[PDB]
Each structure stands twice: as C-alpha cells, then as structure tokens.
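The chain below stands alone and is given as structure tokens, in the form deposited in one PDB entry.
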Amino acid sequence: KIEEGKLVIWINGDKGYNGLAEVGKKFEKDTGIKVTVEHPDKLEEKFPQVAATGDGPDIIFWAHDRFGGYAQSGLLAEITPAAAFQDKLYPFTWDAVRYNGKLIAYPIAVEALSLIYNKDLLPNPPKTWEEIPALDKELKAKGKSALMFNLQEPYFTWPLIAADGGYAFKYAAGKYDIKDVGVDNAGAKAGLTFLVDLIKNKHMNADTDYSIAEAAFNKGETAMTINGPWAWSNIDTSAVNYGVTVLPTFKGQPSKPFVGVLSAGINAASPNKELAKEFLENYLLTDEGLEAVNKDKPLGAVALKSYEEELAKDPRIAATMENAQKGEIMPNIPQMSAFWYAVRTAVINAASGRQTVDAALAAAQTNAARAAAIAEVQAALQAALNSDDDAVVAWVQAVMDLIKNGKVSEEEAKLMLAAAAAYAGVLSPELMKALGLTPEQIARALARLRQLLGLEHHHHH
C-alpha cells in the first residue's frame, strides 16, 4: 500500500512545501531515494482514516496537539533519536511530542503569542499588566486606548489566566492527568479577575473579538495588541511602526501563552521508517534544510537551536521564542476539546457579568474534568461495543440510546456509564477509583439504570 524505497510526505499548504521538496531533492541526489511532498486539504482528518488501514504518507507534518490522538490509535511509529540529536533541539519542544513515556514525533517549529506595540504611541511598552490601567488613562486623554485584543477565544486570554498558576491538564508520571485540571485554582481566578477588572474600569470592552482588535491596532487606534506571527503580515501592510516583545508579567510572574509545535510523525505502517528518520534528522533538521523551507514560506521560530539563533536576529522571532519558553506546551490529548469549550464559556460569562469569576471558573473546571472522565468510561463501553457477546452489545447499545434520548443528566452520566461498564464486565477497579466512585454507588446506580432502561424499552406511554 505504502510504496517501499521512497518517501511520501504530507504537509499543510500554508507551509513551505516547495522548500521541503528541495530538501527532498537533496536527499535524492545523495541517496537515490525519491521524495514526494503533497499538501492535501484536511490532511489532519485524512491521515487517521487512511493510516487506520495501513495506507497514507510515510511522514505527516501537523500541529503537535493532534499527535496524541494519533498515537492512541496506534497510527504512529515511536521515534528513537539518539541523545546527541535530541540535544540539537530546544528541550521543551520534546515535551510537545511525548506519549505514554515515549516520543512520537520530531519537533520542527514553535509558535506562541507575543505583545505587539505601536512604537509611535508607546516607545517603551509596559513590563507588567498592572501598569496598563494608568497607561490607558493617559492614552484615553488623546483619543487612543492602551490595549485591544481578542477576548472571545480563550487561547488569547489564557496567558494572563495562567500567569499566577492556571494550567490545562497537569503532566504526571508519563501522561497527562485528566483528573487534574487547573482552571479554578487561586492563580487562574486572580488572572481572570484582573481581566474582568480591566473591563469594569472601562479599559477594555467585553465585546472585543479578533477582527475588532486587529482593525484597531492596524489603524493606529490602540497602542498594543496580543497576537501571533500569522498576524504580522497584515500589520506590515498597514505600515504601523510596530514592535513584538515579551508579554507583560502578572503579579511578577510571566504570562504563559500556549505553545504550538509543528511536528513530523512517522506512519506506523511505513516500510520506510529508517529512511524517514535519516531524512528528518540529517536533512530537514539542519541549518540548510530549515533554511530551504523558510526561504519558501517563513516558519517563524524553529525548534533547531543552531538555526533559531540565526532567525532570532529578527527581534520578532526572538520575542516569539522568548514567550514560548515562558509558555505552557498545549496538552496533546483529545480531552483538550472539552477544555477549550469550558474555558471559553467561563471567560465570556465572567466578562459579561452573567457569573462571578469564582462561579464561572468553578463551572469550567467541573465541565472540563467531567467531560474527560465521561470519555474514559465511554471508551471502556466502546470496547464493549465491539465485543463478540451480543447480550453485552445489545445492552451497551441500549444505554447509549437512553442517553442520546436525554433520559440521563450530564451530572448522572458518569455513574450511569460506570454501572453499564460494570454489568458489561469492562469496568476495572482502576477505572472505578479514577472516576471517584465506589461499588455501593455503582450498584445503586445499576438498579436505577435497570429502571430507566425498563421505562425506555418496555413501557407504553
């Protein structure tokens, strides 16, 4: 299915695919091994579909956050770079490509938000968030504002919320602990409280979204914004004299933006794994290889220390890496979906005054953790869905039916799914304790689930 003796590479069309093709031509000239670079749309969804049956590319390039899911499905070869090669990339970028105590991809490039400022309004940007109210006062007297950034998406507000102690999921003992969410601790509450106070004191508008903030900064109306390297081109077009710098501190702690790592994984079914390793380690992840890609389309900051030191002569790239080194590697697990939605709701609810900061973040903590736990026991039940016992299959089917008909509240779902998993013989004491449940609870829940299934299946309304 995958052709032996050559390399097929998938990378998104917004990257330097022609330059990667030039690295492949050099590989071919040296070895005889041909390299094909393709940029299909939705490669991040096509890959799991084709790799599941042993087809697809030898190498896939994508944001690191998807690779945990791919590794869970058995779609990636585990990589074994030697110590000397590992030392050539920034050590925190390897923290982006771990799964189950192993490495599952090569880090290529690094992106994170920075502080962007208008040097003609603000030649000396603030070192602290706490300085921004006073700055805004003085700029408001000139018909300007100090800071406008996207408040609608929690990716943009996270650096402040995480500064004094918020975190998404805690890493522990070789995996992310999906029980340990850091959304409602005192640090997260302090950062969101500062954001909400900026809104209450009229230095920001709760309504500000991406396009409003971008337009305001590029028209010279606000002295600062928070954005990533994807945005610089538009500012270039606007001829604002801008600088890019380290984000301000909060309570004396660095802002902690999420870090995304462009990564290269190897298909678990590739007959060319050693060739892929030689290509990535000895051709792509060199000064010459990254320069070829970068000359086609800029990569931004890169994971390779030697070439990042050259790119960092651009002070914007230097600032991107400085903020990345102060940031939080985005967890590479599918549970982040629930996190994103939960925190989004919390910030909007607190910023609009529908909830206190304390209640909004309590809700987001509960919702993110509960969704992760429900997904764990749901995976166990999926193992029961594809078993060879038709009584078991019929039963777990019935329970799924019962929930999709809305006969079970979100807050009862964990106990009910655990009772289903216990009757089906797929609930283990490790999972039971990790759900925070006890056998007595599960048995009472099981009687109740018997009743609910009875009314749902053998009852005339």
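The first residue of the shown sequence is 1; numbering continues from there.
From this point on, the text means the form deposited in another entry, which you will not see here.
Treating the chain as two rigid parts that move between this form and the one not shown, residue 223 and residue 309 fall in separate parts. Relative to this form, the distance between the C-alpha atoms of residue 105 and residue 325 is increased by at least 3 angstroms in that other deposited form. A shift of at least 3 angstroms pushes the Cα atoms of residue 325 and residue 288 further from each other in that other deposited form than in the displayed structure.
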